[PDB]
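Enquirer: Got a file for you: protein.txt, compact mmCIF, N, CA and C atoms.
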# COMPACT_ATOMS: atom_id res chain seq x y z
N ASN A 25 -15.87 -5.78 9.16
CA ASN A 25 -16.24 -4.32 9.06
C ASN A 25 -15.70 -3.70 7.75
N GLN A 26 -16.02 -2.43 7.51
CA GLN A 26 -15.62 -1.76 6.27
C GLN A 26 -15.24 -0.30 6.48
N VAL A 27 -14.32 0.18 5.64
CA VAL A 27 -13.80 1.55 5.73
C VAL A 27 -13.73 2.21 4.35
N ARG A 28 -13.47 3.52 4.36
CA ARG A 28 -13.51 4.35 3.15
C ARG A 28 -12.18 5.04 2.89
N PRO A 29 -11.56 4.77 1.73
CA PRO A 29 -10.36 5.51 1.37
C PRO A 29 -10.67 6.97 1.06
N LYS A 30 -9.69 7.84 1.32
CA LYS A 30 -9.81 9.25 0.95
C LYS A 30 -9.54 9.42 -0.53
N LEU A 31 -9.79 10.63 -1.02
CA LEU A 31 -9.57 10.93 -2.44
C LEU A 31 -8.10 10.75 -2.86
N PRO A 32 -7.13 11.07 -1.98
CA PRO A 32 -5.75 10.73 -2.33
C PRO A 32 -5.45 9.22 -2.33
N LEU A 33 -5.99 8.47 -1.37
CA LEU A 33 -5.73 7.03 -1.27
C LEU A 33 -6.62 6.19 -2.20
N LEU A 34 -7.82 6.68 -2.53
CA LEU A 34 -8.75 5.95 -3.40
C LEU A 34 -8.29 5.92 -4.86
N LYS A 35 -7.73 7.03 -5.33
CA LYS A 35 -7.12 7.10 -6.67
C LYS A 35 -6.06 6.02 -6.84
N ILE A 36 -5.28 5.78 -5.79
CA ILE A 36 -4.22 4.76 -5.78
C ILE A 36 -4.78 3.33 -5.80
N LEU A 37 -5.98 3.14 -5.26
CA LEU A 37 -6.64 1.84 -5.27
C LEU A 37 -7.39 1.54 -6.57
N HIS A 38 -8.03 2.55 -7.15
CA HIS A 38 -8.75 2.37 -8.42
C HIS A 38 -7.82 2.19 -9.62
N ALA A 39 -6.53 2.50 -9.46
CA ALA A 39 -5.52 2.26 -10.48
C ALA A 39 -4.80 0.92 -10.30
N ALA A 40 -5.40 -0.02 -9.55
CA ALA A 40 -4.86 -1.37 -9.39
C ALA A 40 -5.83 -2.51 -9.72
N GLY A 41 -7.12 -2.21 -9.87
CA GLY A 41 -8.16 -3.24 -10.02
C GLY A 41 -9.39 -3.04 -9.16
N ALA A 42 -9.27 -2.28 -8.07
CA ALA A 42 -10.40 -1.98 -7.20
C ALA A 42 -11.46 -1.18 -7.94
N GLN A 43 -12.72 -1.44 -7.60
CA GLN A 43 -13.86 -0.79 -8.23
C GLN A 43 -14.94 -0.58 -7.18
N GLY A 44 -15.37 0.67 -7.02
CA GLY A 44 -16.36 1.04 -6.02
C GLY A 44 -16.02 2.35 -5.33
N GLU A 45 -15.70 2.27 -4.04
CA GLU A 45 -15.76 3.41 -3.10
C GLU A 45 -15.38 3.06 -1.67
N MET A 46 -15.69 1.84 -1.24
CA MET A 46 -15.53 1.44 0.14
C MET A 46 -15.04 0.01 0.16
N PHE A 47 -14.06 -0.28 1.02
CA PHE A 47 -13.57 -1.65 1.13
C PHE A 47 -13.26 -2.02 2.58
N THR A 48 -12.75 -3.24 2.72
CA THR A 48 -12.19 -3.78 3.94
C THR A 48 -10.71 -3.39 4.05
N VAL A 49 -10.23 -3.28 5.29
CA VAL A 49 -8.80 -3.02 5.56
C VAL A 49 -7.96 -4.02 4.77
N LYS A 50 -8.24 -5.30 5.00
CA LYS A 50 -7.51 -6.42 4.39
C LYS A 50 -7.45 -6.40 2.86
N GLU A 51 -8.51 -5.94 2.19
CA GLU A 51 -8.47 -5.87 0.72
C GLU A 51 -7.90 -4.55 0.24
N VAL A 52 -8.00 -3.49 1.06
CA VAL A 52 -7.19 -2.28 0.84
C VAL A 52 -5.72 -2.67 0.69
N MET A 53 -5.23 -3.54 1.57
CA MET A 53 -3.82 -3.93 1.54
C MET A 53 -3.50 -4.76 0.30
N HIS A 54 -4.47 -5.55 -0.17
CA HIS A 54 -4.30 -6.32 -1.40
C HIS A 54 -4.11 -5.41 -2.61
N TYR A 55 -5.06 -4.50 -2.82
CA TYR A 55 -4.97 -3.55 -3.93
C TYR A 55 -3.82 -2.55 -3.74
N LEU A 56 -3.32 -2.41 -2.51
CA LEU A 56 -2.21 -1.51 -2.19
C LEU A 56 -0.86 -2.13 -2.53
N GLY A 57 -0.72 -3.43 -2.26
CA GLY A 57 0.41 -4.22 -2.75
C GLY A 57 0.38 -4.47 -4.25
N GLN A 58 -0.80 -4.42 -4.85
CA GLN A 58 -0.90 -4.49 -6.31
C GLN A 58 -0.28 -3.26 -6.97
N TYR A 59 -0.53 -2.08 -6.41
CA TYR A 59 -0.01 -0.80 -6.92
C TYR A 59 1.52 -0.80 -7.06
N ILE A 60 2.21 -1.26 -6.02
CA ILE A 60 3.68 -1.30 -5.99
C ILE A 60 4.23 -2.20 -7.11
N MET A 61 3.46 -3.21 -7.50
CA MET A 61 3.87 -4.13 -8.55
C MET A 61 3.53 -3.68 -9.97
N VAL A 62 2.44 -2.93 -10.14
CA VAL A 62 2.04 -2.49 -11.48
C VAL A 62 2.87 -1.28 -11.92
N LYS A 63 3.07 -0.31 -11.03
CA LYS A 63 3.90 0.87 -11.34
C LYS A 63 5.40 0.67 -11.10
N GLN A 64 5.79 -0.51 -10.61
CA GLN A 64 7.20 -0.91 -10.48
C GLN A 64 7.97 0.02 -9.53
N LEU A 65 7.59 -0.02 -8.25
CA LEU A 65 8.23 0.76 -7.18
C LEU A 65 9.17 -0.04 -6.27
N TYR A 66 9.01 -1.36 -6.23
CA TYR A 66 9.82 -2.22 -5.36
C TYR A 66 11.23 -2.46 -5.92
N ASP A 67 12.16 -2.78 -5.02
CA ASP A 67 13.53 -3.12 -5.41
C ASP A 67 13.56 -4.52 -6.01
N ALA A 68 14.12 -4.64 -7.21
CA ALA A 68 14.32 -5.94 -7.85
C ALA A 68 15.36 -6.79 -7.13
N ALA A 69 16.37 -6.13 -6.54
CA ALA A 69 17.44 -6.81 -5.81
C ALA A 69 16.95 -7.31 -4.44
N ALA A 70 16.71 -6.38 -3.52
CA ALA A 70 16.17 -6.70 -2.19
C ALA A 70 14.67 -6.41 -2.20
N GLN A 71 13.89 -7.46 -2.47
CA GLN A 71 12.45 -7.30 -2.79
C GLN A 71 11.54 -7.00 -1.58
N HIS A 72 12.14 -6.66 -0.44
CA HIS A 72 11.43 -6.09 0.71
C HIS A 72 11.41 -4.56 0.74
N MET A 73 12.18 -3.90 -0.12
CA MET A 73 12.34 -2.44 -0.08
C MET A 73 11.53 -1.80 -1.20
N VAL A 74 10.59 -0.94 -0.83
CA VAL A 74 9.75 -0.22 -1.79
C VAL A 74 10.25 1.21 -1.90
N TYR A 75 10.30 1.73 -3.12
CA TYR A 75 10.77 3.09 -3.40
C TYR A 75 9.61 3.90 -3.96
N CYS A 76 8.79 4.41 -3.05
CA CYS A 76 7.58 5.16 -3.39
C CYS A 76 7.79 6.67 -3.52
N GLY A 77 9.04 7.14 -3.38
CA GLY A 77 9.33 8.56 -3.26
C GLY A 77 8.83 9.43 -4.39
N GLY A 78 9.07 8.98 -5.63
CA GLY A 78 8.75 9.77 -6.82
C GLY A 78 7.27 9.99 -7.10
N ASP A 79 6.43 9.10 -6.58
CA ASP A 79 5.02 9.06 -6.92
C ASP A 79 4.11 9.30 -5.72
N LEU A 80 2.83 9.47 -6.02
CA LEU A 80 1.79 9.83 -5.05
C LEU A 80 1.89 9.05 -3.75
N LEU A 81 2.05 7.73 -3.84
CA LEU A 81 2.10 6.88 -2.64
C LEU A 81 3.12 7.35 -1.61
N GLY A 82 4.27 7.84 -2.09
CA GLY A 82 5.31 8.37 -1.23
C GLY A 82 4.93 9.68 -0.58
N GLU A 83 4.35 10.58 -1.37
CA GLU A 83 3.88 11.86 -0.85
C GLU A 83 2.82 11.61 0.23
N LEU A 84 2.04 10.54 0.08
CA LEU A 84 1.08 10.13 1.09
C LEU A 84 1.76 9.51 2.31
N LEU A 85 2.85 8.77 2.09
CA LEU A 85 3.57 8.16 3.20
C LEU A 85 4.50 9.12 3.96
N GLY A 86 4.81 10.28 3.38
CA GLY A 86 5.84 11.16 3.93
C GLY A 86 7.24 10.55 3.90
N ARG A 87 7.43 9.59 2.99
CA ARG A 87 8.69 8.86 2.85
C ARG A 87 9.05 8.74 1.39
N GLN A 88 10.26 8.26 1.15
CA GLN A 88 10.74 7.96 -0.20
C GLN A 88 11.31 6.55 -0.32
N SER A 89 11.15 5.77 0.75
CA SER A 89 11.59 4.39 0.82
C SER A 89 10.99 3.76 2.08
N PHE A 90 10.62 2.49 2.01
CA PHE A 90 10.23 1.76 3.21
C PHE A 90 10.35 0.26 2.95
N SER A 91 10.65 -0.48 4.02
CA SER A 91 10.79 -1.93 3.95
C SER A 91 9.45 -2.58 4.27
N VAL A 92 9.22 -3.75 3.70
CA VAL A 92 8.01 -4.52 3.97
C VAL A 92 8.17 -5.34 5.27
N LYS A 93 9.40 -5.58 5.71
CA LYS A 93 9.65 -6.25 6.99
C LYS A 93 9.56 -5.33 8.21
N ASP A 94 9.51 -4.01 7.97
CA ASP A 94 9.15 -3.03 8.99
C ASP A 94 8.16 -2.04 8.37
N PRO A 95 6.85 -2.39 8.37
CA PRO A 95 5.86 -1.58 7.68
C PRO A 95 5.00 -0.68 8.60
N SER A 96 5.55 -0.25 9.74
CA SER A 96 4.79 0.62 10.67
C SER A 96 4.38 1.97 10.07
N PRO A 97 5.19 2.54 9.16
CA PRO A 97 4.76 3.76 8.44
C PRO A 97 3.55 3.56 7.51
N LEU A 98 3.16 2.30 7.29
CA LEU A 98 1.90 2.00 6.63
C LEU A 98 0.78 2.15 7.62
N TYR A 99 1.02 1.76 8.87
CA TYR A 99 0.01 1.91 9.93
C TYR A 99 0.03 3.27 10.64
N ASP A 100 0.76 4.22 10.08
CA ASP A 100 0.70 5.61 10.48
C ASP A 100 -0.15 6.20 9.41
N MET A 101 0.01 5.68 8.20
CA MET A 101 -0.76 6.13 7.07
C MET A 101 -2.14 5.47 6.97
N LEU A 102 -2.28 4.23 7.43
CA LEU A 102 -3.57 3.52 7.34
C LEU A 102 -4.62 4.01 8.33
N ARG A 103 -4.19 4.70 9.39
CA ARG A 103 -5.10 5.37 10.33
C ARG A 103 -5.51 6.77 9.88
N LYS A 104 -4.61 7.47 9.20
CA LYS A 104 -4.83 8.84 8.73
C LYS A 104 -5.64 8.93 7.44
N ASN A 105 -5.87 7.82 6.74
CA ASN A 105 -6.50 7.86 5.42
C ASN A 105 -7.63 6.82 5.27
N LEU A 106 -8.32 6.50 6.36
CA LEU A 106 -9.44 5.56 6.33
C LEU A 106 -10.47 5.93 7.40
N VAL A 107 -11.69 6.21 6.96
CA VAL A 107 -12.76 6.62 7.87
C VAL A 107 -13.42 5.34 8.41
N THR A 108 -13.43 5.20 9.74
CA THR A 108 -14.03 4.05 10.42
C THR A 108 -15.42 4.42 10.93
N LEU B 1 13.33 -13.79 -0.49
CA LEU B 1 12.99 -12.55 -1.26
C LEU B 1 11.57 -12.66 -1.87
N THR B 2 11.37 -12.27 -3.13
CA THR B 2 10.04 -12.10 -3.75
C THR B 2 9.12 -11.16 -2.96
N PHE B 3 8.81 -9.99 -3.53
CA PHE B 3 7.84 -9.06 -2.94
C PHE B 3 6.51 -9.73 -2.59
N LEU B 4 6.20 -10.84 -3.27
CA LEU B 4 4.91 -11.51 -3.10
C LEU B 4 4.67 -12.05 -1.68
N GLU B 5 5.67 -12.71 -1.10
CA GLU B 5 5.58 -13.25 0.27
C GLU B 5 6.07 -12.24 1.31
N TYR B 6 6.91 -11.29 0.90
CA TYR B 6 7.28 -10.22 1.80
C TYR B 6 6.06 -9.39 2.14
N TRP B 7 5.22 -9.15 1.13
CA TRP B 7 3.95 -8.42 1.27
C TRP B 7 2.79 -9.31 1.77
N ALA B 8 3.13 -10.48 2.32
CA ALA B 8 2.17 -11.41 2.89
C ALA B 8 2.42 -11.70 4.38
N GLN B 9 3.44 -11.07 4.96
CA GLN B 9 3.71 -11.15 6.39
C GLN B 9 2.85 -10.12 7.11
N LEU B 10 2.84 -8.90 6.57
CA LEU B 10 1.88 -7.87 6.96
C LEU B 10 0.42 -8.32 6.84
N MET B 11 0.03 -8.77 5.64
CA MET B 11 -1.37 -9.06 5.34
C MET B 11 -1.77 -10.41 5.92
Kindly transcribe the structure held in the file into structure tokens.
Expert:
Amino acid sequence: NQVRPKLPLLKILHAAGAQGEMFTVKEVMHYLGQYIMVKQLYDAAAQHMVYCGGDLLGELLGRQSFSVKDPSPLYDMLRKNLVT
Amino acid sequence: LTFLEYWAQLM
């Protein structure tokens, strides 16, 4: 199946390599993990901790830090920003 | 460690 990012979440995907308008959940996550690596938001020391606070992704998450080993705040955000 | 495989448990 396929879903549509919102204008706040789509800007974040088109700044990683994505091109178009509509994607799959699974490739949303690919281009979403690309973002954290290109703009350098992850912790170099403990590479499970992302520091999205300063930038758009954080304002979208309602957080300023989150771990990749507990990513449920991604699935609070992945339901609120994708039209099924 | 490595964000690469940490970000592959979710996906």
Enquirer: Could you list, as a count of residues only, the residues of chain A having an atom within 6 Å of chain B when counting only N, CA and C atoms?
Expert: 3
Enquirer: Could you give me, as a list in words, the residues within 8 Å of residue 84 (chain A), counting all atoms listed in the file and dropping anything in the same chain fewer than 3 positions from it?
Expert: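 Selected residues are residues 32, 33, 76, 79, 80, 81, 87 and 101 of chain A.
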Enquirer: According to DSSP computed on the backbone, where in chain B is there alpha helix (DSSP H)? Give the residues as a list in words.
Expert: residues 3, 4, 5 and 6 of chain B
Enquirer: Separation of atom N of residue 65 (chain A) and CA of residue 31 (chain A), in Å?
Expert: 21.2 Å
Enquirer: Could you state the separation of atom C of residue 63 (chain A) and atom N of residue 26 (chain A) in Å, given to one decimal place?
Expert: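 Spanning atom C of residue 63 (chain A) to atom N of residue 26 (chain A) is a straight-line distance of 28.5 Å.
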Enquirer: Grab the atom C of residue 30 (chain A) to atom N of residue 68 (chain A) distance for me, in Å with one decimal place.
Expert: 28.3 Å
Enquirer: Which neighbours of residue 89 (chain A) fall inside 12 Å, counting only C-alpha atoms, when residues of the same chain fewer than 6 positions from it are skipped, and could you give them as a list in words?
Expert: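 Neighbouring residues, sequence-local ones excluded: residues 60, 65, 66, 67, 72, 73, 74, 75, 76, 77, 78, 79, 81, 82, 83, 95, 97 and 98 of chain A.
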Enquirer: Next, the residues of the selection above should be written as a short mmCIF file (atom, residue, chain, number, x, y, z; two decimals), in the frame of the given file with N, CA and C atoms.
Expert:
data_model
loop_
_atom_site.label_atom_id
_atom_site.label_comp_id
_atom_site.auth_asym_id
_atom_site.auth_seq_id
_atom_site.Cartn_x
_atom_site.Cartn_y
_atom_site.Cartn_z
N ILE A 60 2.21 -1.26 -6.02
CA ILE A 60 3.68 -1.30 -5.99
C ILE A 60 4.23 -2.20 -7.11
N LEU A 65 7.59 -0.02 -8.25
CA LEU A 65 8.23 0.76 -7.18
C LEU A 65 9.17 -0.04 -6.27
N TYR A 66 9.01 -1.36 -6.23
CA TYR A 66 9.82 -2.22 -5.36
C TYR A 66 11.23 -2.46 -5.92
N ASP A 67 12.16 -2.78 -5.02
CA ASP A 67 13.53 -3.12 -5.41
C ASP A 67 13.56 -4.52 -6.01
N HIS A 72 12.14 -6.66 -0.44
CA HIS A 72 11.43 -6.09 0.71
C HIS A 72 11.41 -4.56 0.74
N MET A 73 12.18 -3.90 -0.12
CA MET A 73 12.34 -2.44 -0.08
C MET A 73 11.53 -1.80 -1.20
N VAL A 74 10.59 -0.94 -0.83
CA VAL A 74 9.75 -0.22 -1.79
C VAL A 74 10.25 1.21 -1.90
N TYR A 75 10.30 1.73 -3.12
CA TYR A 75 10.77 3.09 -3.40
C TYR A 75 9.61 3.90 -3.96
N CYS A 76 8.79 4.41 -3.05
CA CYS A 76 7.58 5.16 -3.39
C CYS A 76 7.79 6.67 -3.52
N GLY A 77 9.04 7.14 -3.38
CA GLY A 77 9.33 8.56 -3.26
C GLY A 77 8.83 9.43 -4.39
N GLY A 78 9.07 8.98 -5.63
CA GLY A 78 8.75 9.77 -6.82
C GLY A 78 7.27 9.99 -7.10
N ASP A 79 6.43 9.10 -6.58
CA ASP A 79 5.02 9.06 -6.92
C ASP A 79 4.11 9.30 -5.72
N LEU A 81 2.05 7.73 -3.84
CA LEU A 81 2.10 6.88 -2.64
C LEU A 81 3.12 7.35 -1.61
N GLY A 82 4.27 7.84 -2.09
CA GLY A 82 5.31 8.37 -1.23
C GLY A 82 4.93 9.68 -0.58
N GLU A 83 4.35 10.58 -1.37
CA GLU A 83 3.88 11.86 -0.85
C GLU A 83 2.82 11.61 0.23
N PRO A 95 6.85 -2.39 8.37
CA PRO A 95 5.86 -1.58 7.68
C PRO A 95 5.00 -0.68 8.60
N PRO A 97 5.19 2.54 9.16
CA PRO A 97 4.76 3.76 8.44
C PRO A 97 3.55 3.56 7.51
N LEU A 98 3.16 2.30 7.29
CA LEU A 98 1.90 2.00 6.63
C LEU A 98 0.78 2.15 7.62
#
Enquirer: Hey, which of A:107, A:56, A:102, A:62 ends up closest to residue 37 (chain A)? Count all atoms listed in the file.
Expert: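 Selected residue with least distance to residue 37 (chain A): A:56.
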Enquirer: Just list the residues in chain A DSSP gives strand (DSSP E or B) on the backbone, as a ChimeraX atom specification.
Expert: /A:27-29,47,66,73-74,90-91,106-107
